[PDB]
Amino acid sequence: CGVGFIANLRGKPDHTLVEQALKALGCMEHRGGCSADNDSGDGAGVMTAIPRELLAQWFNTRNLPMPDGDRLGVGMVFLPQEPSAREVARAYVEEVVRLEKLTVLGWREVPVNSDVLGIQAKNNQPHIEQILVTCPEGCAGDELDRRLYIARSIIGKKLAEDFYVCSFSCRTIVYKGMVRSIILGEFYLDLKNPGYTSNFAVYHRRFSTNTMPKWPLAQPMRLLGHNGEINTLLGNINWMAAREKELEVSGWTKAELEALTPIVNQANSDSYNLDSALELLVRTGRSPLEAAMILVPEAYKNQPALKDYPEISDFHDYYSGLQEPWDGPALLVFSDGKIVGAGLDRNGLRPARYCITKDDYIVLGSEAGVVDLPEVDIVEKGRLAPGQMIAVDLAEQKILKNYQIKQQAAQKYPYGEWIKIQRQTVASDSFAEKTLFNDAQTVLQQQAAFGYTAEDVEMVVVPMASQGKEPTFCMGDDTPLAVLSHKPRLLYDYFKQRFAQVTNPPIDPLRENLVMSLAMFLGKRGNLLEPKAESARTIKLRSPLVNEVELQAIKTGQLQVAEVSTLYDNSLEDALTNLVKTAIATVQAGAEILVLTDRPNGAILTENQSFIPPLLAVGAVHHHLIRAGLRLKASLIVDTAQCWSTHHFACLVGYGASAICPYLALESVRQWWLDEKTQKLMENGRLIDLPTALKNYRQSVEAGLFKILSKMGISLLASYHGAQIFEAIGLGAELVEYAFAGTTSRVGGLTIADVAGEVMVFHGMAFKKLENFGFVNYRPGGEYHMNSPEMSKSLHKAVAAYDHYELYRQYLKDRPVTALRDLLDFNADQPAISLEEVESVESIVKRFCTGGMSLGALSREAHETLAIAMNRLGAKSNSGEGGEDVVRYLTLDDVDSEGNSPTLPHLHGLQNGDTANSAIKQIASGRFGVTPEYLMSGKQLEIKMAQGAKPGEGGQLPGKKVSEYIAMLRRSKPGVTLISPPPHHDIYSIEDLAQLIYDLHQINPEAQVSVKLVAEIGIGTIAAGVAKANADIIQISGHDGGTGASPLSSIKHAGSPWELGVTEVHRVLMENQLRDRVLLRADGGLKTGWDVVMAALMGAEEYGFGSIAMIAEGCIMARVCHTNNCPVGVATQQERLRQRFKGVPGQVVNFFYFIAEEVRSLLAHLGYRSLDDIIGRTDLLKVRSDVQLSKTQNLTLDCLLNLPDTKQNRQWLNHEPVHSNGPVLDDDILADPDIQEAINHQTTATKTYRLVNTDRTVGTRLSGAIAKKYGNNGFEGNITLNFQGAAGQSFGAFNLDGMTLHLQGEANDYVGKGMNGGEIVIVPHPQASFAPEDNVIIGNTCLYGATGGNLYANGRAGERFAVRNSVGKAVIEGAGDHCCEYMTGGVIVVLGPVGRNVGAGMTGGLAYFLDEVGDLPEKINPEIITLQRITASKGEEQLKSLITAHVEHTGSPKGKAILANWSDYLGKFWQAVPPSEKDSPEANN
Ligand SMILES: Cc1cc2nc3c(=O)[nH]c(=O)nc-3n(C[C@H](O)[C@H](O)[C@H](O)COP(=O)(O)O)c2cc1C
Ligand SMILES: *CC(=O)CC[C@H](N)C(=O)O
Ligand SMILES: O=C(O)CCC(=O)C(=O)O
Ligand code: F3S
């Protein structure tokens, strides 16, 4: 999406402004999307003032006196096409106006030209007319629009796509539709009419994840245009709906408030909802600015910029008890008709750039160079920083900046005073050290009864207590889905966490913690629309985990509080109805805190009792409070024995709990600590006192929640609280709809009676030590695991001799039900053909992929051997996210007769045609060794959004594993842990992904780009977006897949089966006509030709293998990959261990033959000759006739079997060989004979070009041609390329040595993304009417992943400057937040003010900051870097020399002045120094 506004504060309204708005819209075209016809637009529109000169004709035609400016109401109405339905609608619109006691003047037909629409938009088109209205009593302005709003809502109870009021206002009007940008004004004749005039325009071009256009869903909506995605929508909607019955505001009657009722609706888009909820807040007394400060509040805590504005802190402090954020990426552009403004989400995940002239003319938008204004007139170029707003007061003719706007709102009420008097704060640093139970067997028995298992305490609780963090582990979740297990499991295990991918980003819970909060509020949620001291009478918890001391203080507190039991003597089903009824009645009696205890009156669980599992209890009370209209009266505390893991807490808050007392878990820690075995081990060298174990355990939980919220990009637990950021697998419909309403659950599992049967299994075990199941590690007693040490061994043997493949196959076939595919079997429609007729192994093998395992997680022996193997086969390997040694790009020459090569001496089993070049080069959030030559060496390029083991998160390589070798490849520091950021800092939305894919197709026009997703509900939709974004291939990873290190909780509770994933993507693509755009690839636990065929039938065209491939080359399933101790040399970097690796490429060539030969024999059974014939043939599947579940009668597999008929139509299998970027500026640069000469003869050349914002990634196709011929450093020539104007995204991305790029103007985001060499210079027009150092000239995430090169910019940057810089050098003149965020080397100089969170995660390299204000120490992330004054002469001279070069390239008056007064300013620099540069000559002496 693209969004913006233009305002003319000082002049008469004109047509010129409207033209500029159409043209800016034109400039955002590449941010938009189109329907299946490739013609109709996903949406565009414009909001303007009511066009008074245009409607003066309508009155003149009727011989009618025109009402004055604020007295004419105009409704832009979408009406039905059918003649009689249209008149019914017209009459009804007339009717509700009459009943609101206003006067209908008549209707204006909207002049339109339909012949310009695309065929889908033409078929959907509503009939468009405007109704004109006045008030007979005298109504005007605020009161009129307030009555118009009441009237529009009423009409809106009959909302259809056919019947929709775009705007009903005496000040604003919205022209929108399902069109491309430059079609908007061709379709709406009024917009080209020189009588259409306006002092402002808000504009929007929409990008949607679908093919089917709906005119109402274009933007702007009534008040606002929205670029972004709400990521807590279900929660935000449930809370808001609960408030609707009981709306109350002075100078509103009840009837007027009821007329608005459907305020919120889970069936309208997230934007339609936010708009509607926002207008409620405006029409009832607040400016749009204030309303947006409530719905989408700033990250105000520990904001140093707020030091001087405590009323602003007070404002948010108050409201954060009343209203949770509508979170996720957001640029909002809004207009009242009185004010026109914009504001950013709390983390600023969309760009907003603005521009101000000498006449206070202002242009804001997603991109900078988009309205052409004479540059000499520009007096300021700025940007919005995270959470910031800017507005225009149209009447007063004033530009309002961030702090004024916000102070004007905060100071309206003594919010601080109210909090100080009314809020009770409940926090205790100290625990209860004294035990709950006294004897020994009691805690054991209770633990057994509440579902604890030996691995729960030993592998989850204990590490949390002892180490102060949730456990790290490795490999994938190898065991059965909870619903398929014969092993007892808790209700929690049926729930899979959801996570962000593509359409919105994860956030970094560690580097960007400062923006997140675990704070919660207990009690009556107060009146949102009318601020009162009362609303602040609440109990604030600093964290959802409440200890024993804290709970007593709550119970002692200033609120009414009621114990409600979850125990019962009768059936869970009825036990739960009495529960729900007791809650309802208890709140209706006046209680403000309900404590659902499974230990009522202090008493313990006996054998004569059972319980309602706490997730079911709270799910149930939350939704029934809601259904009874009572959820705002009370908060839920869960006092429960059955909560211990990080996942458990997340489900609880997520399904309605404000807080949890995990009393048995706290006791489990107390009894773990007390206990002579544990004491014996703390005395001889396992690690701690008891208050610390307790403190550590709480710290683990809290860190674990930060992690989980962040996988979805959510900052505040308060937002997560409503929302139900889960998919359920194995829960039947009655249950879901009972306790978990709105959760998807696709496969129909358990009834309420079945969950009882499961608690009773645990009850049977309770009424010696806890039982150990094989959950985490294989056991002979234990749960099934598909990768077991013996399966491995026998496979390793079968591969070793060119029968042993039998035991391996049978160990895999004597399996209990494990995955969804196991419930399936074949049902052939042809008779079986001979095996000789089936396509050859060599033909099948071309579809296999080896899967992207980082060079750090694996050894270069393991990693290279797979590449050679896969290249021999004619298939593909994937260099995962650790970059790749250049030595590997060349075919091997020097293989001797024993099959050794001095080029690759650590490998064995080689022949002369081999190459260890990975056919797939991966691009991941760390960008580790991501180089133009690395990019040119791929046949394919893969953008990794997520992997099955840890979808919400970034890659993870422990410091033990970062050898000198790994550090060299990644351009990082040797001993240092690498936790990659969870988002690509490049991809905060679908249109950002389109831009990354563009950059890849730019550098390497012949390479396919793939996008790697993880299976979860919503992947269908996301994948439609990815295809529209021009990808070639979509990978689907199952929850299943391996890893060299992930959180154990992530391995076990995040992500869904790939069966649900492939299927969902295949269907959505097909039913949207997008299926031929992409090749689909699948992975996650694939081992077997059988697996291959299942995947094929469900719609996969290629097949990925990770863990299995490691097993072929010698992996056992020792499962210490995260440890550096791999006993067999596959997943370690210790040299002496690498030396154990026996392993030759042939062994893995052999493995893929067994697979392919099994494919052939399954193709024989079915009677088809090639996978090409069966891909997507779902009607060839059936439900296995012999299976019997432990936990429910059976599942329901309709969602896996009901795919669209594929017997006849097979054209979707034909793909374009590579998608083009279209005609690009760089092509004209390369077709120039002076340029071709410069490249061929390594001579000098020079060219100059005018640019516009649609000119994106300039330079980069020329880098790619250079690196193709010479790699990164062979080019001895010199090309200067001079540009004038506003550069689009990724200017100078992947720059090489020998490239000088000069830009006179400004640039949008991602300047010098992956820069590797050469020089980028960016200066303002010499004409400029401003001090260059005070003004923005480049955008966000410049030098992302930079690996070399020099950048000089005579202006300010945005956020994440030099985000993950490895070797880049730069001098800029100011920046936003998160400067040098994951920097590992290079040098960054910033000659002006800088935002907060500097050097977060900064682990190597040095930065210099000029600080004239004195407050930079306030703005540093203090976790790694130290700040010091410059004292080392070598550092002084590093700085000078960089500033000296800025000046030579740039002419920067700020640099000159600095050099001229060198000693005056030296002492004003701070140097940022990570503890890895501390003894560098530039930091020390
Ligand atoms: C040792 C290990 C390291 C991996 N590292 C990466 C990574 O660098 N990049 C990535 O996209 N996936 C990574 N993963 C995920 C795999 O690429 C692949 O998606 C997954 O292993 C397939 O599931 P499977 O292990 O059951 O075959 C890795 C997997 C393992 C086993
Ligand atoms: C492109 C964009 O930011 C989408 C906005 C909103 N979610 C929608 O229109 O679907
Ligand atoms: O090497 C890395 O940085 C990450 C590899 C990884 O995330 C994994 O082992 O799953
Ligand atoms: S599990 Fe990992 S630790 Fe080694 S044996 Fe396999 S690579």
Side-chain angles (χ1 to χ4, degrees), residues 1 3 5 202 219-237 239-240 243 263-264 269-282 286-301 303 306 312-313 315-336 339-352 364 366 384-391 402-403 405-406 409-410 500 504-505 507 512 515-517 528-529 709 712-723 988-989 1377:
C1 285
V3 82
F5 79 78
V202 173
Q219 294 194 45
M221 313 296 184
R222 287 67 175 257
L223 234 53
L224 148 137
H226 180 212
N227 178 198
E229 282 288 311
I230 308 301
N231 67 358
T232 45
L233 187 62
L234 174 297
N236 284 319
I237 289 192
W239 298 117
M240 184 61 56
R243 258 190 249 273
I263 292 272
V264 118
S269 72
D270 69 342
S271 295
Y272 188 128
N273 284 295
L274 209 201
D275 171 67
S276 176
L278 189 96
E279 177 167 32
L280 182 54
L281 287 202
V282 179
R286 317 193 199 247
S287 100
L289 293 161
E290 193 174 353
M293 280 171 73
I294 283 149
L295 298 167
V296 186
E298 217 182 300
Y300 77 102
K301 279 253 157 40
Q303 171 58 88
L306 285 172
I312 294 167
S313 301
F315 175 104
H316 291 300
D317 201 354
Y318 173 85
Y319 282 104
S320 90
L322 270 58
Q323 168 68 235
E324 80 294 328
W326 294 49
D327 214 358
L331 173 53
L332 312 178
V333 181
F334 36 79
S335 184
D336 240 350
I339 233 108
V340 37
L344 278 194
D345 68 91
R346 62 188 300 106
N347 290 299
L349 298 156
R350 313 304 317 121
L364 175 141
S366 296
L384 291 190
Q388 279 182 8
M389 328 208 281
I390 186 160
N402 178 61
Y403 288 117
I405 295 174
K406 306 230 189 99
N504 71 284
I507 54 183
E512 312 177 353
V515 123
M516 297 190 266
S517 186
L528 184 68
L529 321 176
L709 307 221
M712 184 57 87
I714 292 162
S715 298
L716 302 200
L717 191 70
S719 292
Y720 187 76
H721 181 39
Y988 292 159
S989 65
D1377 291 2

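Throughout, residue positions are numbered sequentially from 1 according to the sequence presented.
- Under the 4.5 Å side-chain criterion, counting only non-hydrogen atoms from C-beta, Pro220 is not in contact with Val333.
- In this structure a side-chain-to-backbone donor-acceptor pair under 3.5 Å is present from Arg346 to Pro297.
- Here the side chains of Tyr720 and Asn231 are not in contact, with every heavy-atom distance at 4.5 Å or above.
- Between the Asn504 side chain and the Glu229 main chain, no donor and acceptor come within less than 3.5 Å of each other.
- Checked by atom type and distance alone, the side chain of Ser517 never pairs as donor or acceptor with a backbone atom of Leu716 at under 3.5 Å.
- Side-chain contact check for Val264 versus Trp239: every heavy-atom pair is 4.5 Å or farther apart.
- The backbone N or O of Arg222 lies less than 3.5 Å from a partner atom in the side chain of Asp275, making a donor-acceptor pair.
- With contacts defined as side-chain heavy-atom distances shorter than 4.5 Å, the pair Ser269/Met221 qualifies.
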*Between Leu233 and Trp326, is a side chain to side chain contact (heavy atoms under 4.5 Å, CB included) present by the stated rule, with each step listed?*
CA-CA 7 Å; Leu233 187 62; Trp326 294 49; 4.0 Å; yes
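- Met293 is listed as a side-chain neighbour of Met389, based on a closest heavy-atom distance under 4.5 Å.
- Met240 places none of its side-chain heavy atoms less than 4.5 Å from the side chain of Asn273.
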*What do the steps show when you test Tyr403 against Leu306 for side chain to side chain contact (heavy atoms under 4.5 Å, CB included), and what is the final call?*
CA-CA 9 Å; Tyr403 288 117; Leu306 285 172; 3.6 Å; yes
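- Side-chain atoms of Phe315 and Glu290, non-hydrogen and from C-beta on, do get closer than 4.5 Å to each other.
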_Let's go through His226 and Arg350 carefully: what are the C-alpha distance in whole Å and the side-chain angles of both, what is the deciding distance for side chain to side chain contact (heavy atoms under 4.5 Å, CB included) to 0.1 Å, and is it a yes or a no?_
CA-CA 10 Å; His226 180 212; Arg350 313 304 317 121; over 6 Å; no
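- Residues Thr232 and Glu324 bring no donor and acceptor atom of their side chains to less than 3.5 Å of each other.
- In this structure, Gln388 contributes its side chain and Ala385 its backbone to a donor-acceptor pair below 3.5 Å.
- Under the 4.5 Å side-chain criterion, counting only non-hydrogen atoms from C-beta, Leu280 is not in contact with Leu528.
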